[PDB]
Each structure stands twice: as C-alpha cells, then as structure tokens.
Amino acid sequence: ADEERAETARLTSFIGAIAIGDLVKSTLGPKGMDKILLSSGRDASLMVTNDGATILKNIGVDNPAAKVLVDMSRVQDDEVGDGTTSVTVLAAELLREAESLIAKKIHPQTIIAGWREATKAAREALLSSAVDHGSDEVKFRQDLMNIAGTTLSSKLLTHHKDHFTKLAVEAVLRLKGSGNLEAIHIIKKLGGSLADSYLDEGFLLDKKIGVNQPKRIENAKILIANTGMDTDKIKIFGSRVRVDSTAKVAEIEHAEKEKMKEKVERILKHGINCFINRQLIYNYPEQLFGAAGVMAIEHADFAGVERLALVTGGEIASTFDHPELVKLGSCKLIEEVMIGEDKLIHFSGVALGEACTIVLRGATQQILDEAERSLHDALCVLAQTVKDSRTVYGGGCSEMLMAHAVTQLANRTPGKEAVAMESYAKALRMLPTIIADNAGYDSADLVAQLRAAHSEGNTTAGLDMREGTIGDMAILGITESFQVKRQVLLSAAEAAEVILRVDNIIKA
Amino acid sequence: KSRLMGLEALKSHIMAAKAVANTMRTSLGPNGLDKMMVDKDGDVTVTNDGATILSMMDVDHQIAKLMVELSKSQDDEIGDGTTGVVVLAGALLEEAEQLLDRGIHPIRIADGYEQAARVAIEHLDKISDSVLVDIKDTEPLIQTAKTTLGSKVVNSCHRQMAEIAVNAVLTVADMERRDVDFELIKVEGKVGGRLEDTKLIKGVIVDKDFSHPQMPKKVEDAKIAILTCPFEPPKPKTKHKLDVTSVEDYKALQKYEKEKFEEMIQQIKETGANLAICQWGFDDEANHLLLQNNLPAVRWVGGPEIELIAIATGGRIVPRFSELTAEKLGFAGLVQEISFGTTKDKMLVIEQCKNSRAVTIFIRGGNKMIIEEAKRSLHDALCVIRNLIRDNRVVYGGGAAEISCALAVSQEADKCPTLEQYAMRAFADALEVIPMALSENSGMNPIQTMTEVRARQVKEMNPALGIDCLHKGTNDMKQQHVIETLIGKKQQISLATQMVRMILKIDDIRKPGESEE
Amino acid sequence: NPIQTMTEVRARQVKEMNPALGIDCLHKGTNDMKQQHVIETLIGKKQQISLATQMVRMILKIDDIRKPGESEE
Amino acid sequence: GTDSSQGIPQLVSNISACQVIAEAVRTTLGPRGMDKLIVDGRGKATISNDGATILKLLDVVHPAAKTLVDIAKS
Amino acid sequence: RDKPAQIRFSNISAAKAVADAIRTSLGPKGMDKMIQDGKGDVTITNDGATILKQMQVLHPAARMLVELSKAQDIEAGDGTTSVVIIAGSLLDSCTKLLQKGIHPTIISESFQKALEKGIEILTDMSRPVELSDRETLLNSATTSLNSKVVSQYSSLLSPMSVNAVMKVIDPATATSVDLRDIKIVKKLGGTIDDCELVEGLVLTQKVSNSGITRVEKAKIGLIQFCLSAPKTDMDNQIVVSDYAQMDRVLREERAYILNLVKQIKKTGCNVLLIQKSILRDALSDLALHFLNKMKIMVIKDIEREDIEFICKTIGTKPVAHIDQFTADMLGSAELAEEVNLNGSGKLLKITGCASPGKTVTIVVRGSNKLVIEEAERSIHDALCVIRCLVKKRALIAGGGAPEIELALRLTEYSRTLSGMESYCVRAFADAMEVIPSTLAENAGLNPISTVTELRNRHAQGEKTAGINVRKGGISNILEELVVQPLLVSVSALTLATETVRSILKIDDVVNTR
Amino acid sequence: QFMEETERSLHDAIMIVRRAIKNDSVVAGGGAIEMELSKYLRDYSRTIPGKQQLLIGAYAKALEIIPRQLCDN
C-alpha cells in the first residue's frame, strides 16, 4: 500500500500534537481562557474540559502523530501526574522549535541531541531551584499543602479542593512512608449535597431495604464471601431446564423462587448474622432473607472490604467456602442511613485508621471526576513530596529558569546545537507566554525579565497570572514537587523527538 | 495488459527501489531515523529497521517486494546488512540511469557494476579475515554485539544479550559445521520483563507450570511422563460436542473422570515418571486428583511442544496413554517454574545439562516492541555473531570500506578497457551512499565527511579509522568498534548488484503499468 | 496596551480628578502629564474640541445626498 | 451480431496485429539477450526469457497473436 | 488557528443569532409562527415561553439557550424569555470588546463583578413583600395569575397558590417552597373550580375500576411481591397440552389468589402500591381483580411519582408477601380515597399520613387537560412566584423594566470602576435597556418611533421609573401590577452570565469523536 | 535473485547437449550461416529476378535480424 515521506510525516507530526497542544493551552500556565469541549460528532453535549486526557480521547486521537502525545501525555499524568496537560502542550511547544530548524534544514540528529542534551541541563537546572519545603514534617505537611496547592489548581471545583488538600496531605501523614491512594477509597455519588468531599466511616452502600427484614444490624462481624446467586444459585441444584408448553414459560419463572430459599438456610449453618454475599437481592428476597435470622447483605464492595481487610485485620479474597477461609470482617454498626428519599445501608463503626473511604457528593458526577485526578495527582505528587521535599516553583518559574542556563549554555555549551538547546530554552517559555497574555500581562516582559528575575535568583518570584502579574511562588503557595516537573518534561521530551526523527509512515 | 521495455521499463524499475531506499537510508545505522508506520488496522509501528520497514512495507512496485525478500536472506545469516543492500540498490540504480542516458546499454551497465563488485568483495577480503573459537570470538562478538544489539537500540548495559548468543549458535551448531541453526536456537521473549532481563536456556522453557505448587515444584532429573492423553477435553475429533444441562448426568459424569484421571495419574506414578507432561493437559478436576495423588505434573501442552520437549531434551517419546510403559522417561534436568525476579513471567524450564537440542535464548523487556526491539537485537546480534563465531571476519563499517572498495574498483575500472570501464567506475561511485546517508544520519555533510574516510583510505587504505557511525565525535571504525562481518558486505554487495542486475537484465515488463505486484 | 494603559489614569480619574498628571506621552515609565509636562493651550484643546463634532455636524448638513452625476467630479 | 473486415485495412491490421507481439520476445533470448518479467495478473508476476512460456502467459488478442504462438512454440 | 476566532463568533453568532429572532416577547407582537421543520413537519408556535422549551437549535451555544431557557423555569418560573433575550445582551458585549481586543477572560471577569453589581442594584430597587403573608403571596401571584392562563379560576388558585404555601412554608422566613414541596397532581375530570387544594400527600394513581376502598383507615401499600399463586408467583402443578388442562391453570390461579387479596386487606390495607416492575408479570391482573374487591387500591407498574412521595412524604416501605403477611411498614394512612368528579379519574387521597411540614398537594382537575393545565400552569408559577418570594424576598417589575433602572445606576459603577472590566462592565451595563424595546419588536411599519422612547423615557424616569411593559405607560415599574419577585431576574443575570462566559472560554477546536 | 540464471545454463545445456545427441549433424551456432545465406540467398536476387530479387533480397536479410538483435540486444 502506502509509503509516506518525511515532510508530511514531520508536518502531520507538527500539526496534530500542536493542534492538541493548544487545546488546553489557555487553560495552562495559570488560568487564561478555559477550554470548552464541544461534542458534536458522537453526541450532542456542552462540555468544559481543561484536562488533556479527557480532551485527548474525546476528540479523535486517530492522528498517528496525535496518538504519540495523546499516549505520552496520558502516560505522564498517569505516572507523575498532571503531565498530560503539560506533555500535550510541551512537545507541541517543541514541535514548533525544530520546525524552524527543520525548515532551516538542521540535521534531525542535531535537534534530537541538543534538546535531549538541554532536556538534561534544564532538569539539571530544574534540580537547583527545586527547594525542600518538607524538611520539617509540619513544614512538610506545609510542603504537602503548597505542592497539592498547585495540583488542585486550574480545574473546575467549587469547594472540593479544600477536602483534598488536607487529605492528600493526610493520606501521607498517617501512612508513614507513602501516601494513601488505595487506602483512600473513592465514592463518587449524588447526595443531598451539590458540593461535598468528606470522610466515609467504613464505606456507605446504596439500597432500598424494605419489607419484613430488619433494616439495621448491631455488633456486626461480617462473613466475607464472594460466592452467591442472583436468580439462580451456584450449587449442584442451580440449573433446571423445563418448558414443554406456553404455561411452562410462566411456570419456569416460579421455580426461580425455589433457588433463592435454599441458600437462605445455608447462611444459617455458619449461623453468622452478618454475611456479605456481594451479589444483589430484591425486596421479595429481602422478604425471604428476613425470615431466617442469617441475613445476606447484597452488593458488598470489593475495595470496601479491602478497606475493611486493611484496618479490621481481616482478609479480601475471592469466592468463599467456610468462615475461616476468608477472615471475618468486623464492623461495630452496619446501619441504613437515608440520603434524600433513598436510604443507604452504611457500613460503619469503622472509621479511617489504616485506610479511608471518601464519599464525594457533588451536584453532578462531572464535578466528582475532576476532583479525583486533582486528588489522584495531588496524592501522587505528595508521595513525590514524601521522598523529595523539593518543590520547584510553579507558574513555569522553573521553565524560564530551566531556559536561563540552557540559553546561556547553548551559546557556550554547544558550538553547534545551540539551535536545539536555545530552541529548547525557547519553547520552555511558551507556557508562560500563552498564560501571561491570557493574564493580561505582556509575556515578553514575563518569560525573560521575570526569568532573569527568578533565573538570576528570585525564584519565589514567579507567575501570578490570575492577577496578570509576576507573583511569589512560595508566598502564593503555587509550587509543586520538583518530581512533578522533571518527568512531565521527560515524557514530553521524547513525545516530540519521536515524530521529529520519524521520516516515513507506512500504511496497510 | 501492456508491454513495457527499455527506458520505459527502466524508469519503471527506478521509482520505488530508489524511493524505498530513502526512508531506509534515513533509517541507516543507529543515527538512522525512526519511522512511525501506521496500518489501516489502527496499528502504529516506529521503525528505523528497514527489514522491519520492508516487513511493514506492503507498498506496490514488485521490486519493492523483492527487497522485503532480499533483506531477510542477509537477515538470518549475516544479521545486519538488511537495510544497506536496499539503499545500495537505489544507489547503483540511479547510478545506472545516466549510463543509459549516456547510451551505455542495459546489459553493458549491470555487468560493469557486477564485476566491479567482485573487486569490492575481493577488496573486502583485505580488512580482517580472522577466525577464532567462541570464547575468543565473544570479545569481537560483544564488541559487535555492541553494534548489533546497539544499532538495534540498546546493546547498552548488556553482555547478557551479547554472550548468550556466543553460546546460542555455539551449542545448537558447531563452529566449523557453519550450518545455520537459528532454528535450533529458540529466541524467546516476554513482555513484562526487562531489557536487563535476558537469559540463555539450552533446553526448553514451557510457560505452563505445575498444576499446583502444593504439588512438588521440583521434579527430579528426567522422569518426565510423555503423555498425549486428555486430562481435559482433548478437542476430540469424533463427535458432536455438547455439555449436559441436567443434574442427573451432572452427577453421573463427575464420578467417571475421578476414577480414570487418578488411575491415569497413578499410572503415571506407575510409569515411574514423577512429572507428567500432557499434550492434552490438565483441567482442575484431574488436578485435584493430581494434587491428591501428590504427583508433580504438567497441564495443557502445545502439541508439537511435547515433541519439542522430546528432541530438545533428547526425550524419549511415550506417545499416548495407551502406549504406557515405565521404561521411556522424558528428559528434564530440573522441572520447575521459573520466576526471574519477574513473577508475572513464569515458565517451566526443562533444563538440559545432558541432551539439549533446542537452545532457548530468552530475553525480556517492558513491552511488545521493546522485547521485539530486544529480539531483533538478540536476533541479528547472534546472526552477525554467528558469522564471527564461525569465521570472525570483520570489516569496519561506515563507508571506511566503501572508499577502500571504491578506490581499487575505480582505477581497476579504468584498467579494464571494456565499456564497463565507466560502469565499473560508475560502480565505485554509488558505494559512497553508505557513509553518505550515515553521515546525514549522523548529521554530517557526507561529501566532505566521506572523503575524510577517503583521505583516510588515501592514507590508511583500510577501514580502521573512519567517520562517526555512532555520531560520537571520534571518527573511527575499528576504534569506534564499528565492526562488520567481512562475509556480510560480500553478502550485502552480491545481493544488491545481482538483484539489480536481473532488474537490469529484466527490461521487459508486461504489466498494466510501470510497476505491479 | 491602551485599554490597560487607559484603565490606569481611569483609576486615577476615580482616585484623582483632572490629572495635571496623566499617562506618559513620551512613553516614559512614569505616567503624568506633569512629569511628562504634557500640557497644551487650554485654548487649543478646546479649540481642538470645537472642531470634532462640527465635522459630524457638517456631514449632516442638508437632506441632499443626491448627485446630478456630479458629486466629487 | 457478427463482425468481419477485409482487405488492406484488415490486411494491414492483419500484419499490424502480428508485429506488435514479436517485440515481446525481441531483445530476449541470450546472455545479453534480455529477460521478461511479465505480470498478467494482479498477484501473478511471471518471468521468462522464452517466448512460448510468456506466449502461454500473455493474452493473444489477434488471430495473428494466436497464429504466432505455436509457430514460435514449434 | 483562526478557528477559535471564527468559531467564538460562530459560537456567539448562532447563539445570539437564534436568540435575537427569539425576541417577540411580552405582548401581542409580531404575527403568529407556524413552524414546519427541516424534516418538513408542521408546528404552530407562539408565546415564546413554550417556544423557548420547544426551541430546536443547531449549534451548541444555541443549544446552550434551550438549557438557559429551562434554567429560568425552576429557578423562577417567570422571565424565561428574559434570561433568553438578555443572553444576546452579554453575547453583544463579547464581540464588541473582543473586537476591542479585550481579553475575553477580562470580559469573563467583567461578568461577575457586574453580576455582583447588577443583581444588587435590582435588590436595591427591589420592593419588599413577604413569603408567608397571604396578600403579598396573592399580589405577586395575582399579577402572575393576571396574564397567565386562568384569572377567574386563579381567584380559586391564587389563594390555593397561597394556601398550599402556608403548609409548605417553614416558619417565617425559611428556605422553602420547592416544586417537590407543593405536590401538583393532575386529576382527570371536574373543572378548575373542582381543582382544589387537597392537603398533605395525595397520590394520583390508576386504581383498577371500583368496588374499591373509598373507606377510611387504609394501610397504604408499597408492595414488591407477587401474590404467590398458580400462574402468579407459585408453581403450577398443571401442564397444559389440553383444554381441560388449560382451563385448569387459570382456575387454580383465580381460586387461590382470593385468599391473599383479603390477607392483603387483612393488614388494614386500602392501598397496596404494586412494584413498578414485573416479577414475572408481577401481580396477575386476575389477582388485581380481587385485590380491589377487598378495597385495596392497585396501580400495577405504578407511576414513579407515587412511589417516591409515598416513600417520601408518607414514608412507606415495601412489605413482605402477604403469605409472610407484612412488616407494617406500610406508611401512615387513614384513608384511600378514589373520587370520580365529572365521574372521571381515579385517585388516592392520603390524609392522616406522615408529612414533613411540607408536601401540600394540589389536585388539578378538569374536563380535559386543557382545563387542568389552565389551572395548572397558572397556579404553578403563582406557587413558583410565591416560591421566589420565599427563596428571595422583595420584588421587581415584570418584563425587565427594572433592568433599565439598573442600566442607569450600574453604568455609573461600571464607569467609576474604571477598570479593564469597567469598560466591559459599562458596555454590558448598557445592554439592559434594550430589552423592553427589543420585545416590542416584530409587529410593524412606519416603525421606529418608540424604540429609544421605550428607553429614554425610562432613563428620564430618573433612576426610579419607566414605562410599564406589561400594563403600558410610565410609572414606578417595580410595583405597578407589572411585577415579578426580586429572585426572578437576578437569576436571569446569573443564569445567562456563565453561559455566555463559557463562550469566551471556547478555544482551539472541539468536536468529540 | 542471482540463482535462477545459473541453472538455466545447466537446463539449457542438457537440452541442447541432448539436442547435440539427437541430431549429431551440427553446425555453427549463433546465426553463423544466415549472413552467408543472406548473401547466398540474395545472390539469387541477382540470379532469380525477373521480379523477386526483391522477395529474394527481402527474404535474405530477415535471417540476420535474430542474431543482429542478439548483437543489438
């Protein structure tokens, strides 16, 4: 079939990542113009997305060039965090650099090395202005707060960020040596609260508990089981095939009520009153499960039992056989707490400890998700805060400063590749450009003055571009782990350079 | 369809074979530039490997298929050189153009290139023709397994990839027999490993592990029960295949295979082989029995693999559960599942210190292309190594031989009064693409870069020093450890010139157009 | 940036009144008309004032936009 | 219906039909006698220096081309 | 790319474009609109409120307004055209200042401080009235029952609009009076003078026929179970190959169920609300015959509205199969009342049930939905009007007339802001006074006399006065019987605010694929 | 791609070696006789003609074109 040559392979390389790189641009740096996601192709929707990864897969990523940064940026946010928005823009900033060098016909080798060369030198330079805010654990808690402060920024959350700051701080604090991402348990629901993020005792659970069965339980010790039925039990008797007539199509459904009743007895051999069958039951089952005295509580969470398998000293395993196979979960009070017209069976009497369940009650499931990545990134980057107390100053205050030496380097350091390294030290400052003008400031007096203001050593001085100004990073508290700065480059660093040296595309 | 002849069919042949060389000469060498190549399947493949490009390449112009062939020839024996013969083709191809444009006849042109290639491959013989044993070769092997694995992107931090190859061809085939067995060398690789994860296995690693580790995870030396017999449904070819829905036959069946599989497993314990490899392997019901029997044994086995378990181990074949005898016992040095430190990677090495007839060189890596990168690393490394472990005959690359070859050819071209005096000298001309593209791969101006080597070869008159192949700043070949099997250039040349020569001998094209498949 | 720059003495216009100061005409880092000493004949400004609306007042004069085939001819 | 043609227009076309075909084998047959890659099908690509094979491979659109095959094939 | 340029206009454009032809509003203006779609299907449209909800719009920022149209309904129920008409007014300020090169975030910033300035001056001109005072509840609703569907009927509805609230209203000033609070249920039959305030939780439902309970002391049911019977929930011992066997399975069905329907009654049930779903058919209709014969109201596959209110206001839970009897979790009921007025409609009246201190029910009756909706649409806003007074007290004039008072007063603060936004804040402070002029819009020729007269004379009403757009002529618009609660328009500002601001946030290229 | 051309030598030789077996009477290969014949024939173009020296000349020359092609190819 097809053999593509470099020009398109390079230009399509240029356009797509640039085309996607400017999707979140005005949403990047500090907040400029936001980014509205219009979905006209697959549905009809009005959507607001400042997230690359969101924006990535929503719009068609099928541009093979876009696929690169779509992948690379996605991987980066998935690793170090909040890297997608970065990487998507960063290599997009990069593509424009060599594009001139490509236009200048600078050897593809030259731009590869020089950037990657300068990629070290800047992160090298990024290593210095990286400053430990976490030496003292309370200052580290304060380090955890400011580093989480730059993470939760720029997205859309009303009151939510305040719960996640301390929590990304607290997930680290109680765990001793890492943050709690999994010990934290994400519950995203619509409750009586248009904006809430709070701590969940045990983990809440949704159901309407009606009919005869007592709707509360006391002194719960849970028998943890993954084995059970829905309309047909898993056992020797769990299958019956009989229809000879049209009455039988009616009769075949009645014998389904035969299969539920025999397990209702089986929970009584263990005699255990608190038993999780993690598969659902209905009211008519709740009618039947209320007769025996051993209740089957339906739809028990896996991670919520893992939540319990953490603190309770119990076990999360699969299937089930007898009470000693999977250790007995225990919760002081399993209760049904009604949120709105609907009631919620709530596993409680177990509060935080080794783990956390976090129930977010938003006005929308939309507001519930944007806080997760905010949390998820603030969790990981505060786990980066753990080992490295270093926070290098945000608002691209590193970028210009990363660009400072590399500029000064590129002149000196290469006697050729300054083309790339300057271009490197050039593109680093694009992120400040797109915001500082979005800020109302003049980026020209930002990327370079404030650069040589902070790059010559006032690093707290940085972008407050939501005031349209230079701003004090430590004072603004706008800073994030030095570890969040490096790899988002290193991803984006190769995000560009791949398609740069890609000179051909074969197509089946 | 139409007859196409002469300059018509010439410029027919000229397009892709010239055009295809371009992406491959931009991919030439490690400094050769990668190519993202995306199917209509949604696939994406980033390849600076012309052999992979040609594989990835479905493009038209049957000649552009014939290169997909021609690289694979040199790919197995010589290893590296897959791409260069292609980019050398388009070189001497366009080189051939203006001689016909001169009026040098289509069969005048080819042969001038051809005999001049004799001088080349003859002049090639002057670089290093050495021959050494494996344990000496490993040094020129790993110095080349620098280049090969490295031109395959990260030899780096590996003599593990380098020196298991030193064993690979060595164990499967002798030094002097020179019979190509990469077929006997099992090049195996697994995602979820590491490039820093690479292993030589002289026997066979079977991914299937013990039914239960509660059963012994070490079977003693040999005592492998070769079994082609169902312990699960053996996809049996005779009958209509239906499971039963009734509790009546649900009970009638469950007592049935508890009797046989156990007495099968006991018959295996009776055959005196404490590992049962089963070409139709183990479901759980037989495994409870197997566990209850306390017999170490192997679950589902690939059909030919239990045979490959035979040869590679020298294992004597017990065909079927009907043939059972305690005398024939398959060979395993030790039967155990192997976690390398990569636990998601678990194979059962049948590890033969006695009879090893298939040597598994097992390499790992983070992901698919990664191990593939490492496989074609480990592939052509050994393949170049196989030459050098057999005859360690090294030309130093990057155009250092080209001038060296282009030199002698050029004058000797003039020495030949035949019309090909031009063509033979025109031959020596297109050799210069080799440092050329590499120069521009390395990002250098070739026309100067190459005559450096010329000025070198004007002085040196041998590849030793050279230009940068690795773009390192030390312009060297020997000293840059740019080390290429002297067989391969002779291979690579003869491949280019003669394929083209028939392309040049074939001027007569019946196609609906210039090119076709 | 004018709107920006205009916004400045605007704040002044809310802060102060009729600034003898002002914005840099010389493009001086400092903004006055005092520090700039940019001051024009309080005639001439109003003399200038007299002109502007007059033109608009001129373009309206009569109801005749017609032309014989002669307008600018 | 039925088609027919006579005389010089046919007769020259009679000899015009033939002379087209003999050029397929023209420069062929020898050491410097050329060689024919003749692709008469999409994935079917055939190589012969002999006429009869490619004669068998090629389409004969003329009685001439038809009458020629055996003659060379003879 | 020039796309963010071209599209942000195209955003503003087709947003404003559709929205601009959308101003015929407030009075017999223009000439009636018979819509025949891009698929060629005849619709006859009018009275843009519905039209706003009818509104079928290509382009997203046009679709933004249909939302924005509905946004005003539940926030107010009044001035939905307002938030729709003024939507262009913000969209106006965008381009002109975008032309000006003002960074749209500054323009986006320009919306809030304005929205901070603007709604305040509306509250500053607001006319205080109460949430519980039946007269202030009357008058606002009166003018909102004056030009709304029924007036003569509103004379019944206006007090019920008020009377429903004093139940629903929590003591004195309280955040209160939602749409979930006053329970608005249509009743088939009667008329609007048969529309009556029917207190507490009154569940409109389809009860099979009669012979039913109209009798006191219901146990109001919520039942997720089948009566377990041959061909209902219980196994049929009889297979049918035969007409003697086929006639056998229904007899054993119908002969069995007769015991459970009484046992269903034996809880004291004059209601069992069936599960909305089917266990097989769920409850056999042959069963439901004898359930009602024991005077137990059954709506099979019950509508969603009863299930919640009965679980909400009454607080009813499912109960065990009456083979197991029940858990007595049937909510509080002293009556199941099924009334046929006109002889029409079947109903469940539950009085003597748990109630929050809210959930007054209005049972909206009429010979057809016309008469029903006649009352309904009128009383609903009259509630929603009073609801607004509850949610936000005082008052403003009807039809954006007070916005011109704001425009004058605000533009000063816009001016005296003297900021980057002040310009924008001034530009949009002047985009209000258009709205009465622009509602005048579509009717006629020799045209243009009143446009700025629809403006100037208000501006010459000092800042306190202007033409009444509802009633006509200049007065102090805020209370003329040209009125809407202060809450109504301050939302229209907020509602249209970020919508248009979202347009300024549209950049690069988005179609999700 | 060089291998095909090799064995056709082996295959051709046998065929013509066998051909040398089958008819032992053997002349010079490579169109040696045609030119002679071309002469020998249009020698009749001197001898034959009342007319057909043309035909005998045209007959004589067409011999040569096969090796002349081999010459020219």
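Residue numbers in this text run from 1 along the chain shown.
Going by what the header records, the deposited coordinates were determined by electron microscopy, 8.3 Å.
Cβ from N, Cα, C; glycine included.
A simple way to gauge crowding: the CB of B:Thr82 (ATP binding site) has 31 other CB atoms within 10 angstroms, across all the protein chains here. Per Swiss-Prot, ATP binding site is recorded for B:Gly29, B:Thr82, B:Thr83, B:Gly398.
Around B:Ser151 (ADP binding site), taking its Cβ as the centre, 27 other Cβ atoms fall within 10 Å, counting all chains. Marked as ADP binding site by Swiss-Prot on the basis of experimental evidence: B:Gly29, B:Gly81, B:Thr82, B:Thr83, B:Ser151, B:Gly398, B:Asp468, B:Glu484, B:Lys489.
For B:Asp80 (Mg(2+) binding site), the same-chain residues lying six or more positions away in sequence with a CB closer than 8 A to its CB are B:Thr147, B:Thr148, B:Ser151, B:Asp380, B:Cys383, B:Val384, B:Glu484, B:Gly488. Residues or ranges marked as Mg(2+) binding site in Swiss-Prot: B:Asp80.
Within the same chain, residues at least 6 positions away in sequence whose Cβ sits under 8 Å from that of B:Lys186 (SUMO2 cross-link) are B:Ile201, B:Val204, B:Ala312, B:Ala358, B:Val359, B:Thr360, B:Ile361, B:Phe362. In the three-state DSSP scheme, B:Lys186 (SUMO2 cross-link) falls into the strand class. Swiss-Prot lists B:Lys186 (among others) with the feature SUMO2 cross-link.
What Swiss-Prot records for B:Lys190 (among others) is SUMO2 cross-link, and it gives a large-scale study or a structure entry as the kind of evidence. Contacts of B:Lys190 (SUMO2 cross-link) defined by a Cβ separation under 8 A and a same-chain sequence distance of 6+ are given as B:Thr342, B:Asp345, B:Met347, B:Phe362, B:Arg364, B:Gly365, B:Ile371, in order along the sequence.
As annotated by Swiss-Prot, SUMO2 cross-link applies to B:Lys241 (among others), with the evidence given as a large-scale study or a structure entry. Under the three-state DSSP scheme, B:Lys241 (SUMO2 cross-link) falls in the coil class.
Close to B:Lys251 (SUMO2 cross-link) in the fold, though at least 6 residues off in sequence, lies no residue with a CB less than 8 Å from its CB. Sequence annotations record features per position, and here Swiss-Prot assigns SUMO2 cross-link to B:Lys251 (among others).
Close to B:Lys255 (SUMO2 cross-link) in the fold, though at least 6 residues off in sequence, lies no residue with a CB less than 8 Å from its CB. Annotation source Swiss-Prot lists SUMO2 cross-link at B:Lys255 (among others), citing a large-scale study or a structure entry.
The Cβ of B:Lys368 (SUMO2 cross-link) lies under 8 Å from the Cβ of B:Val191, each of which sits 6+ residues away along the same chain. Residues or ranges marked as SUMO2 cross-link in Swiss-Prot: B:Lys368 (among others).
Look at Swiss-Prot and you will find B:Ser2 (among others) tagged as phosphoserine. In the three-state DSSP classification, B:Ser2 (phosphoserine) falls within a strand.
Taken from Swiss-Prot, the feature phosphoserine applies to B:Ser322 (among others), supported by a large-scale study or a structure entry. When secondary structure is read from DSSP and collapsed to three states, B:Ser322 (phosphoserine) falls in the coil class. The number of other Cβ atoms within 10 Å of the Cβ belonging to B:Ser322 (phosphoserine), over all protein chains shown, comes to 7.
Note: B:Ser515 (phosphoserine) has non-local neighbours B:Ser12, B:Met15, B:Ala16, B:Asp60, B:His61, B:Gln62, B:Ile63, B:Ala64, i.e. same-chain residues 6+ apart with C-beta under 8 A of its own C-beta. Residues annotated as phosphoserine in Swiss-Prot, with a large-scale study or a structure entry given as evidence: B:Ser515 (among others).
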Those recorded positions, out of B:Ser2, B:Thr82, B:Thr83, that come within 10 angstroms of B:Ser322 (phosphoserine) at the Cα: none
Of the recorded positions listed as B:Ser2, B:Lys241, B:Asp468, B:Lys489, the one whose CA lies nearest the CA of B:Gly398 (ATP binding site): B:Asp468
For B:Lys489 (ADP binding site), nearby residues of its own chain (Cβ under 8 Å, 6 or more apart in sequence): B:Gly81, B:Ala120, B:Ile121, B:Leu124, B:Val395, B:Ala401
From recorded positions B:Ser2, B:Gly29, B:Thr82, B:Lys241, the one whose Cα lies nearest B:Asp468 (ADP binding site): B:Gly29
Distance, B:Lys241 (SUMO2 cross-link) to B:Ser2 (phosphoserine) (CA atoms, angstrom): 55
Pairwise CA distance, B:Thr83 (ATP binding site) versus B:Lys241 (SUMO2 cross-link), rounded so that it is a whole Å: 51
Same chain, 6+ residues apart, C-beta under 8 Å of the C-beta of B:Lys241 (SUMO2 cross-link), given in sequence order: none
Other CB atoms, at most 10 A from the CB of B:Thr83 (ATP binding site): 30
Secondary structure at B:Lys251 (SUMO2 cross-link), reduced by DSSP to three states: helix
Site extent for ADP, whole Å (max Cα pair distance, B:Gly29, B:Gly81, B:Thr82, B:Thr83, B:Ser151, B:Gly398, B:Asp468, B:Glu484, B:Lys489): 20
